[PDB]
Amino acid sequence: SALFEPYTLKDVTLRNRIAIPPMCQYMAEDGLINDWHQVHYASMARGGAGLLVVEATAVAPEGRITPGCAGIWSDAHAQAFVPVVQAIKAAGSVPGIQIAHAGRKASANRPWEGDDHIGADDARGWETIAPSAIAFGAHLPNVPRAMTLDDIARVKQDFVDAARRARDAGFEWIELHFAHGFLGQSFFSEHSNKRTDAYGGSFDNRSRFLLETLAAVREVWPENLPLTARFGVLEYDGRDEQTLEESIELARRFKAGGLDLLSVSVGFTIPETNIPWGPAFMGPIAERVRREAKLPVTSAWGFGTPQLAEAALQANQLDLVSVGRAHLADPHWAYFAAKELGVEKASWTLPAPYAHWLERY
């Protein structure tokens, strides 16, 4: 089964092609993770996935999405991740982390607590930042302040500091969150970036924040550990042909800047779109990025059945299959997949205290 072949990238070897993509839990306090996260991540790692990318972790307080988001903006925040890193490794999985800045989508309620921008008189809310003073709209009406050049320098340094903290906490894989309408994606998109300086306008200028952030992180993140990014390559906004061509060109420049693998996603930069949700719908687009930019890729958004995952690997559309919600439903999804794909000794996808009994069940 292709899904259960190992994968080597730099000094990291994953035991299979099942990756758990970053999934915010909204359970942190002042950026500090706790026993929610410890059990959540350790249990999924024991389930058999080869790579576990920890949820979007804010590089700065105002870069959280919500008051429940994890942060890594201080050394104390980084130290809180050490037991998570070590528990993932103890389970035989590889610990990664996505470092992030929510941009104009920040200062929002948890999804089950309204999912919308926090009211201005609520002490929990904060002023958001973005390339331009333009609101997302819909449930996120707050207008961000437009970043200064000093803000751009500061946020880049926050990404650098976060990457060095992640390295010292023991993460073996890093993902820069340049997708999903957050700060990096919003610098790239003409919908959200109306700047008139070196960071807006032309393709080079709109790419600049992302390329400079990557280059600054590349200095501090080790060459021997995968340096990855998540990027929304189209918006489903009626501009898909031109946006794909630009996004693929940016992927080529990411590769020239030392990126090892690209997590291919959707932009979600504005609400006025028509995303054609369906099983494995990103497969063909991820394959085009992989082939045209000549970089390994992962993707998500509907690959969460064993056969869909296997087919995407056999078609060389992906190098790793990211399976998110299925792992919230069943932390042992990798074992479920091993059974469904007929892996020999499938129960030994799990540790011995489970595997021994399930072999004979």
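Quick note: we count residues from 1 along the sequence shown, nothing fancier.
S.K.: For the higher mean C-alpha B factor in the entry, choose 174 to 182 or 104 to 112.
M.R.: According to the PDB entry, the answer is 104 to 112.
S.K.: Would you tell me which stretch averages the higher CA B-factor in the PDB entry, 88 to 96 or 238 to 246?
M.R.: Between 88 to 96 and 238 to 246, it is 238 to 246.
S.K.: Between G232, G71, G137, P83, which one tops the list for Cα B-factor in this entry?
M.R.: Largest recorded C-alpha B-factor: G137.
S.K.: Quick one: which of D319, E55, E292, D35 has the biggest Cα B-factor according to the entry?
M.R.: That would be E292.
S.K.: By the recorded C-alpha temperature factor, relative to the other modelled residues in its chain, which third is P226 in?
M.R.: Answer is lowest: the recorded C-alpha B-factor places it there.
S.K.: Once the chain's modelled residues are ordered by C-alpha B factor and cut into thirds, is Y335 in the lowest, middle or highest one?
M.R.: Middle third by C-alpha B-factor.
S.K.: Against its chain's modelled residues, does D161's Cα B factor rank lowest, middle or highest third?
M.R.: Middle third of the chain for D161's C-alpha B-factor.
S.K.: What third of its chain's C-alpha B-factors does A123 belong to: lowest, middle or highest?
M.R.: Within its chain, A123 is a highest-third residue by C-alpha B-factor, going by the deposited values.
S.K.: Rank-wise, by C-alpha B-factor, drop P351 into the lowest, middle or highest third of its chain.
M.R.: Middle third by C-alpha B-factor.
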